Each structure stands twice: as structure tokens, then as C-alpha cells.
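Q: So I've got this file, final24.txt, and it contains compact mmCIF, C-alpha atoms and all ligand atoms:
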```txt
# COMPACT_ATOMS: atom_id res chain seq x y z
CA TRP F 5 117.05 28.56 90.81
CA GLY F 6 118.00 25.64 92.99
CA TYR F 7 118.62 21.88 92.59
CA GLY F 8 115.04 20.66 93.02
CA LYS F 9 112.79 19.06 90.40
CA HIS F 10 111.15 22.38 89.49
CA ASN F 11 114.10 24.74 89.63
CA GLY F 12 117.00 22.42 89.01
CA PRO F 13 119.89 22.49 86.47
CA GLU F 14 117.55 21.52 83.59
CA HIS F 15 115.57 24.78 84.05
CA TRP F 16 118.45 27.23 84.37
CA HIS F 17 118.48 28.00 80.60
CA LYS F 18 115.14 29.89 80.84
CA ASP F 19 116.71 32.59 83.08
CA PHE F 20 120.39 32.03 82.19
CA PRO F 21 120.56 31.35 78.44
CA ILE F 22 124.34 30.93 78.65
CA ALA F 23 123.44 27.60 80.18
CA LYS F 24 123.72 26.02 76.70
CA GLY F 25 126.67 28.19 75.80
CA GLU F 26 129.90 26.98 74.18
CA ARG F 27 132.16 26.73 77.24
CA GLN F 28 129.95 25.47 80.10
CA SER F 29 131.12 23.44 83.08
CA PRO F 30 131.44 20.96 84.67
CA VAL F 31 132.63 18.28 82.20
CA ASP F 32 133.75 14.68 82.12
CA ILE F 33 137.57 14.29 82.02
CA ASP F 34 138.33 11.54 79.56
CA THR F 35 141.94 10.82 80.63
CA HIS F 36 142.73 8.86 77.44
CA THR F 37 141.80 11.91 75.24
CA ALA F 38 143.24 14.60 77.58
CA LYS F 39 146.37 16.03 76.07
CA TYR F 40 149.74 15.75 77.71
CA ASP F 41 151.10 19.30 77.24
CA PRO F 42 154.77 19.84 77.94
CA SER F 43 154.57 23.60 77.89
CA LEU F 44 152.56 23.61 81.14
CA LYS F 45 154.40 25.17 84.06
CA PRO F 46 153.98 23.85 87.57
CA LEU F 47 151.16 25.38 89.66
CA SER F 48 152.32 28.00 92.21
CA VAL F 49 149.98 28.35 95.25
CA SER F 50 151.08 31.06 97.76
CA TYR F 51 148.67 30.80 100.61
CA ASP F 52 150.75 31.27 103.81
CA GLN F 53 149.50 34.82 104.25
CA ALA F 54 145.76 34.03 103.81
CA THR F 55 143.15 35.82 105.92
CA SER F 56 139.72 34.13 106.36
CA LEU F 57 136.93 36.42 107.51
CA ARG F 58 133.73 34.36 107.59
CA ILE F 59 131.57 31.51 106.56
CA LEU F 60 128.07 31.79 105.02
CA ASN F 61 125.13 29.79 104.10
CA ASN F 62 123.94 31.43 100.81
CA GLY F 63 121.13 28.96 100.14
CA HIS F 64 123.03 26.85 97.66
CA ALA F 65 126.26 26.03 99.54
CA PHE F 66 128.49 27.56 102.24
CA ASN F 67 131.21 30.02 101.48
CA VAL F 68 134.45 30.74 103.30
CA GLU F 69 135.39 34.29 102.42
CA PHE F 70 138.88 35.80 102.35
CA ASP F 71 140.24 39.33 102.35
CA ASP F 72 141.22 39.95 98.70
CA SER F 73 142.31 43.57 99.19
CA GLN F 74 145.95 42.62 98.77
CA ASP F 75 147.98 39.75 97.23
CA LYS F 76 147.69 37.56 100.37
CA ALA F 77 146.49 34.22 98.99
CA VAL F 78 147.41 33.84 95.32
CA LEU F 79 147.56 31.24 92.58
CA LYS F 80 149.97 31.61 89.55
CA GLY F 81 151.97 29.57 87.10
CA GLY F 82 150.32 26.54 85.38
CA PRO F 83 148.32 27.58 82.31
CA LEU F 84 147.68 30.96 83.96
CA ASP F 85 148.81 34.40 82.96
CA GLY F 86 149.32 36.83 85.84
CA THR F 87 148.17 36.55 89.43
CA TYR F 88 144.78 35.41 90.69
CA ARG F 89 143.56 36.26 94.21
CA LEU F 90 141.53 33.90 96.39
CA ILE F 91 138.14 35.39 97.25
CA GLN F 92 136.31 32.28 98.52
CA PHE F 93 136.09 28.50 98.64
CA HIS F 94 132.94 26.30 98.70
CA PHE F 95 131.92 22.72 98.07
CA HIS F 96 129.39 20.69 96.15
CA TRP F 97 128.27 17.34 97.76
CA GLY F 98 125.66 14.59 97.32
CA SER F 99 123.11 12.82 99.45
CA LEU F 100 125.12 9.64 99.23
CA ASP F 101 128.85 8.88 98.80
CA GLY F 102 128.57 7.75 95.14
CA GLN F 103 127.71 11.26 93.87
CA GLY F 104 128.52 14.88 94.72
CA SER F 105 131.37 16.04 92.45
CA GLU F 106 130.73 18.20 89.42
CA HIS F 107 133.63 17.20 87.23
CA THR F 108 133.93 13.46 86.70
CA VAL F 109 137.01 11.42 85.69
CA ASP F 110 136.33 8.69 83.12
CA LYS F 111 132.71 9.10 84.30
CA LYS F 112 133.77 8.49 87.92
CA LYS F 113 131.87 10.61 90.46
CA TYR F 114 133.42 11.57 93.81
CA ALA F 115 131.72 12.24 97.10
CA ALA F 116 132.37 16.03 96.83
CA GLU F 117 134.23 18.76 95.12
CA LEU F 118 136.06 21.75 96.60
CA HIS F 119 136.30 24.89 94.54
CA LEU F 120 138.86 27.57 95.30
CA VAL F 121 137.81 30.79 93.48
CA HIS F 122 140.33 33.37 92.38
CA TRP F 123 140.18 36.53 90.15
CA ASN F 124 142.75 38.10 87.83
CA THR F 125 144.33 41.08 89.69
CA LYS F 127 144.80 42.99 86.14
CA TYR F 128 141.09 43.70 86.28
CA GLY F 129 141.02 45.28 89.77
CA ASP F 130 137.99 43.63 91.38
CA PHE F 131 135.83 40.51 91.19
CA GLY F 132 132.96 42.27 89.47
CA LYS F 133 135.23 43.37 86.52
CA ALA F 134 136.95 40.00 86.31
CA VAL F 135 133.61 38.27 85.47
CA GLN F 136 133.40 40.44 82.29
CA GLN F 137 136.55 38.81 80.90
CA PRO F 138 137.43 35.53 79.16
CA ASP F 139 140.41 35.05 81.48
CA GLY F 140 138.89 36.70 84.61
CA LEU F 141 138.75 33.70 86.91
CA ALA F 142 140.73 30.67 87.97
CA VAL F 143 139.04 27.90 89.99
CA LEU F 144 141.19 25.26 91.56
CA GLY F 145 139.01 22.09 91.85
CA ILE F 146 139.73 19.30 94.30
CA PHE F 147 137.86 16.03 94.65
CA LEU F 148 136.96 14.53 98.01
CA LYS F 149 136.72 10.76 98.44
CA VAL F 150 135.50 9.10 101.70
CA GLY F 151 138.14 7.37 103.80
CA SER F 152 140.20 8.75 106.62
CA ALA F 153 139.47 12.10 108.25
CA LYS F 154 141.03 15.38 107.14
CA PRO F 155 142.45 17.10 110.17
CA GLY F 156 142.50 20.34 108.16
CA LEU F 157 138.75 20.37 107.44
CA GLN F 158 137.56 19.89 111.06
CA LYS F 159 137.31 23.62 111.93
CA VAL F 160 134.93 24.11 108.91
CA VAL F 161 132.94 21.10 109.94
CA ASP F 162 132.58 22.33 113.55
CA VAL F 163 131.04 25.75 112.65
CA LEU F 164 128.40 24.32 110.23
CA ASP F 165 125.91 24.13 113.19
CA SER F 166 126.15 27.91 113.38
CA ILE F 167 125.06 28.58 109.82
CA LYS F 168 122.46 25.87 109.36
CA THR F 169 119.99 28.00 107.32
CA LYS F 170 119.98 30.44 104.46
CA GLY F 171 121.37 33.88 105.35
CA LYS F 172 123.38 32.88 108.42
CA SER F 173 127.00 33.80 108.71
CA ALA F 174 129.73 33.38 111.29
CA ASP F 175 133.09 35.10 111.83
CA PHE F 176 135.73 32.71 110.65
CA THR F 177 139.28 34.05 110.96
CA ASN F 178 142.70 32.26 110.97
CA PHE F 179 141.70 29.34 108.71
CA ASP F 180 144.49 28.03 106.55
CA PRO F 181 143.38 26.61 103.18
CA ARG F 182 146.74 24.79 102.85
CA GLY F 183 145.17 22.05 104.99
CA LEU F 184 142.90 21.15 102.05
CA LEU F 185 145.54 20.48 99.37
CA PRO F 186 146.53 17.00 98.19
CA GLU F 187 150.26 16.16 98.08
CA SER F 188 150.49 16.36 94.30
CA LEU F 189 149.64 19.45 92.21
CA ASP F 190 149.33 17.40 88.99
CA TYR F 191 146.37 18.84 87.07
CA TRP F 192 144.11 18.95 84.04
CA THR F 193 142.99 22.39 82.69
CA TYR F 194 140.36 23.62 80.17
CA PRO F 195 138.34 26.80 79.46
CA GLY F 196 134.91 26.77 81.21
CA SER F 197 132.44 28.58 83.37
CA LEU F 198 131.09 28.90 86.89
CA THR F 199 128.80 25.98 87.78
CA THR F 200 126.00 27.98 89.30
CA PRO F 201 124.03 30.85 87.74
CA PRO F 202 125.06 33.30 86.38
CA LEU F 203 127.28 30.54 84.67
CA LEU F 204 129.69 33.19 83.27
CA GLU F 205 132.17 31.69 80.88
CA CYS F 206 135.15 33.39 82.43
CA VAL F 207 136.90 30.45 84.00
CA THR F 208 140.17 28.53 83.51
CA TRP F 209 139.67 25.25 85.35
CA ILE F 210 142.45 23.48 87.12
CA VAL F 211 141.24 20.14 88.38
CA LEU F 212 143.76 18.33 90.60
CA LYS F 213 144.33 14.73 89.68
CA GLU F 214 144.82 13.59 93.26
CA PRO F 215 141.84 13.56 95.67
CA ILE F 216 141.78 14.34 99.35
CA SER F 217 140.12 11.84 101.72
CA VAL F 218 137.55 13.00 104.31
CA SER F 219 135.77 10.75 106.79
CA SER F 220 132.16 9.70 106.54
CA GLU F 221 131.29 11.78 109.59
CA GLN F 222 132.89 14.97 108.21
CA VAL F 223 130.83 14.58 104.99
CA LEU F 224 127.77 13.70 107.10
CA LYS F 225 127.83 17.21 108.69
CA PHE F 226 127.59 18.95 105.21
CA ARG F 227 124.36 17.08 104.69
CA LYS F 228 122.81 18.60 107.84
CA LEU F 229 122.67 22.02 106.17
CA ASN F 230 119.52 23.64 104.91
CA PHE F 231 118.75 25.32 101.63
CA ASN F 232 115.79 27.00 103.32
CA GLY F 233 115.77 30.03 105.61
CA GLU F 234 115.23 29.76 109.36
CA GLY F 235 111.53 29.21 110.04
CA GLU F 236 110.63 27.63 106.72
CA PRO F 237 110.00 23.94 105.96
CA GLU F 238 113.27 22.07 106.08
CA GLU F 239 114.98 21.05 102.79
CA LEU F 240 118.33 19.36 103.37
CA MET F 241 121.27 20.86 101.45
CA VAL F 242 122.34 17.80 99.42
CA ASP F 243 123.02 17.05 95.74
CA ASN F 244 123.93 20.70 94.99
CA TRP F 245 125.92 19.73 91.89
CA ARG F 246 125.46 20.41 88.19
CA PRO F 247 125.48 17.64 85.59
CA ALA F 248 128.36 17.33 83.07
CA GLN F 249 128.10 19.48 79.96
CA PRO F 250 129.20 18.94 76.31
CA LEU F 251 132.85 19.53 75.83
CA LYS F 252 132.04 20.93 72.36
CA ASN F 253 135.43 21.12 70.55
CA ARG F 254 137.37 22.26 73.62
CA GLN F 255 140.45 20.20 74.49
CA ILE F 256 141.37 19.08 78.01
CA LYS F 257 145.07 19.40 78.71
CA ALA F 258 147.13 17.45 81.25
CA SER F 259 150.25 18.59 83.07
CA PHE F 260 151.38 15.01 83.45
HG HG G 301 133.51 36.18 81.18
ZN ZN G 302 131.49 25.52 92.70
```
Write the structure described by the file as C-alpha cells, please.

A:
Amino acid sequence: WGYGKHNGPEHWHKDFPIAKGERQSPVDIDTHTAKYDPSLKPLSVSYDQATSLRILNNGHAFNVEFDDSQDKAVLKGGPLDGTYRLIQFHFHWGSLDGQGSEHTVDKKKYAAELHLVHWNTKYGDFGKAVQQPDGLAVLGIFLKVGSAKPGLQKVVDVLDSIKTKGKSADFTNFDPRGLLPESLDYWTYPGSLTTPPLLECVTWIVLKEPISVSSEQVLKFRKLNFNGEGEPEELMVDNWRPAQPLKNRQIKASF
């Protein structure tokens, strides 16, 4: 699987039949239909004690991995039940600034989308969490192009080191708090992961407020390679999945 013409999102169903399941993601957030829900608690992000380990190029995006051996970086509150531990963060971006995000807002597409992945700590590990309806929690943040994001520059600067598929680089003392918008206002719905295996185990929390990144920071994402070192060069761009049918599901708003 990939994002090309022959192995793109339209082909995933052949190997991952859940592709046309009942709670697939991403989706379009119709803000006039989203339901203001008063029973939604504020989001609670405890990330001061986070421990980054490394960054990888897995062939479909780059991953920043965290130590999830202990309750170091956790998300709670909101529509969530229990504590979810941060395991990794990654992005989805486009070849141009008018596309890149996965979720859309009133059909509006953003330059990129940041996903913070967390697993429910009553299931013990990541692998068990993906076997449950409430196993994961992904915090989604949209990236628009404007002014630079001081907080994202360290990520940007090590991209050169993991240009191709399989590369990895030590990447300690990175604070994810530098990627959060000011407001924690969100929309939430029951979904799935956006890349195969597309396991419908996720509780989405899409932040209303976008972060701005500069043109040159986004430009560096686009210099990555899907391909392995020594193979023809295929730029890592447009690694996003098209919006799926909401199919009965209701999108709730915390504001
Ligand atoms: Hg699941
Ligand atoms: Zn993602």
C-alpha cells in the first residue's frame, strides 16, 4: 500500500476490507451539523514529563517515538474514559499548500495535519489496545501556512538525516507542548486509524484552532522520500487519505 495511482487509498479495500467499514476516518466536519454537547469535560494534556527517543522514516511518514513504559505523557478528560499514553506523533502533508490534511472543516483542507497517538493504559500495551473499541485516542491538529513555529524547528532540522525509508535518528528531549494551539476547543467522533490496518479503535479529538508553520518548514517535509536509499526517488508528498462517509455517526463539539 502507498499513496500512488496503483496502490493508493482506492485500492486499500482489497487487502484491508475494513476500509469500507462503518467507522472509517478521516471525515468532513460539518460545523453546522456538529453537536454542541455540554457534558464534554475540558481536555487534560499532561506532557511536561515526556521522553522522546527517536524519529523514523517508515515509508509513509516520519514518526517521533516516545517512551510509553510509564504515565509520562498522557491525555485524559474530554470525551475520554481513563488515561491514554502518547506513543508517537506523525504528520500528513500535501505537495502544495491547498491540500494535506485528512480531516476537513466545512470541506476546507489545510496544509497538513499532526496526529498525536495515545493508547488506553487499561489494556496494558499498544498491541492489545488496537483490539478494543476504545483502545486509542488521536489528538489531531491542523497546520496552516503563515508564520514559523519555533517549536517545530528541531523536527525540521533532523529530516535530512532520515531522508529514505528505514532510516532513524536518536531524538531525545523534544517537547510536544511546542506543537499545541492556544485553545483546546475540540470536535470528537468515533473513527479509525487513517493508514492500514485502519482499525476502528479510535476516538478522534480534532482541535478547532490550527497552528501556523512557515512555508519553508513545510517545504522540508516535502524533501522526504517514500523509497529506500538506492532506489528511484519518489517524493513523500500527498500522504493523506480522502474523507469517508460519516454513516450515522454524530460529530460532537465542546464549544
Ligand atoms: Hg479496535
Ligand atoms: Zn495519521

Q: List every residue of chain F that has an atom at most 10 Å from any atom of ligand HG 301 (chain G), and for each one report the closest atom pair and its distance in Å to one decimal, counting all atoms listed in the file, with rows sorted by chain and then by increasing residue number, as a tab-separated table.

A:
```
residue	atom	partner	partner_atom	distance
F:133	CA	G:HG301	HG	9.1
F:134	CA	G:HG301	HG	7.3
F:135	CA	G:HG301	HG	4.8
F:136	CA	G:HG301	HG	4.4
F:137	CA	G:HG301	HG	4.0
F:138	CA	G:HG301	HG	4.5
F:139	CA	G:HG301	HG	7.0
F:140	CA	G:HG301	HG	6.4
F:141	CA	G:HG301	HG	8.2
F:196	CA	G:HG301	HG	9.5
F:197	CA	G:HG301	HG	8.0
F:198	CA	G:HG301	HG	9.6
F:203	CA	G:HG301	HG	9.1
F:204	CA	G:HG301	HG	5.3
F:205	CA	G:HG301	HG	4.7
F:206	CA	G:HG301	HG	3.5
F:207	CA	G:HG301	HG	7.2
```

Q: Kindly work out which residues sit at most 9 Å from ligand ZN 302 (chain G), using all atoms listed in the file, and give the list as number ranges by chain.

A: F: 65, 93-96, 106, 117-121, 143, 145, 198-200, 245

Q: Go through segment 98-194 of chain F residue by residue and, counting only C-alpha atoms, keep those with an atom at most 7 Å from segment 215-232 of chain F; for each kept residue give the shortest atom pair and its distance in Å to one decimal, ordered by chain and increasing number, as a tab-separated table.

A:
```
residue	atom	partner	partner_atom	distance
F:99	CA	F:227	CA	6.9
F:146	CA	F:215	CA	6.3
F:147	CA	F:215	CA	4.8
F:148	CA	F:216	CA	5.0
F:149	CA	F:217	CA	4.8
F:150	CA	F:218	CA	5.1
F:151	CA	F:219	CA	5.1
F:152	CA	F:219	CA	4.9
F:153	CA	F:219	CA	4.2
F:154	CA	F:218	CA	5.1
F:161	CA	F:222	CA	6.4
F:168	CA	F:229	CA	5.0
F:169	CA	F:230	CA	5.0
F:170	CA	F:232	CA	5.5
F:186	CA	F:216	CA	5.6
```

Q: Could you give me, as a compact mmCIF listing (two decimals) with C-alpha atoms, keeping the file's coordinate frame, the residues within 12 Å of residue 260 of chain F, counting only C-alpha atoms and dropping anything in the same chain fewer than 3 positions from it?

A:
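Once written, out-v2.txt looks like this:
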```
# COMPACT_ATOMS: atom_id res chain seq x y z
CA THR F 35 141.94 10.82 80.63
CA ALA F 38 143.24 14.60 77.58
CA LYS F 39 146.37 16.03 76.07
CA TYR F 40 149.74 15.75 77.71
CA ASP F 41 151.10 19.30 77.24
CA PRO F 42 154.77 19.84 77.94
CA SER F 43 154.57 23.60 77.89
CA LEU F 44 152.56 23.61 81.14
CA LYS F 45 154.40 25.17 84.06
CA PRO F 46 153.98 23.85 87.57
CA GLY F 82 150.32 26.54 85.38
CA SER F 188 150.49 16.36 94.30
CA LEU F 189 149.64 19.45 92.21
CA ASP F 190 149.33 17.40 88.99
CA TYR F 191 146.37 18.84 87.07
CA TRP F 192 144.11 18.95 84.04
CA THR F 193 142.99 22.39 82.69
CA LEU F 212 143.76 18.33 90.60
CA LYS F 213 144.33 14.73 89.68
CA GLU F 214 144.82 13.59 93.26
CA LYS F 257 145.07 19.40 78.71
```

Q: One decimal, in Å: what's the spacing between atom CA of residue 132 of chain F and atom CA of residue 22 of chain F?

A: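 Straight-line distance from atom CA of residue 132 of chain F to atom CA of residue 22 of chain F works out to 17.9 Å.
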
Q: Calculate how many Å separate atom CA of residue 105 of chain F from atom CA of residue 259 of chain F, rounding to one decimal.

A: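 Computed distance, atom CA of residue 105 of chain F to atom CA of residue 259 of chain F, equals 21.2 Å.
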
Q: Between atom CA of residue 242 of chain F and atom CA of residue 98 of chain F, what is the distance, to one decimal in Å?

A: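 These atoms are spaced 5.1 Å apart.
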
Q: Which of these, F:68, F:240, F:109, F:54, has the shortest distance to residue 157 of chain F once you count all atoms listed in the file?

A: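 Among F:68, F:240, F:109, F:54, it is F:68 that comes nearest to residue 157 of chain F.
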
Q: Identify, on the basis of only C-alpha atoms, every residue whose closest approach to residue 62 of chain F does not exceed 8 Å; exclude the query and any residue fewer than 5 positions from it along the same chain; express the result as a list in words.

A: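 That gives residues 67, 170, 171 and 172 of chain F.
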
Q: Please check which residues have atoms at most 6 Å from (132.0, 9.4, 95.1) in the file's coordinates, counting only C-alpha atoms, and write them as a list in words.

A: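 The distance filter leaves exactly residues 101, 102, 103, 113, 114, 115 and 149 of chain F.
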
Q: Within 8 Å of residue 80 of chain F, counting only C-alpha atoms, which residues qualify if same-chain residues fewer than 6 places away don't, as a list in words?

A: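 Selected residues are residues 47, 48, 49, 86, 87 and 88 of chain F.
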
Q: Which of these, F:253, F:201, F:164, F:233, has the shortest distance to residue 23 of chain F once you count all atoms listed in the file?

A: F:201

Q: Give the centre and edge lengths of an axis-aligned box, in Å to one decimal, that holds all listed atoms of segment 144-154 of chain F with 4 Å on each side, as lines of an AutoDock Vina configuration file.

A:
```
center_x = 138.3
center_y = 16.3
center_z = 99.9
size_x = 13.7
size_y = 25.9
size_z = 24.7
```

Q: Return the single residue from F:194, F:185, F:28, F:177 that is closest to residue 163 of chain F, with distances computed using all atoms listed in the file.

A: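 For residue 163 of chain F, the nearest of the candidates is F:177.
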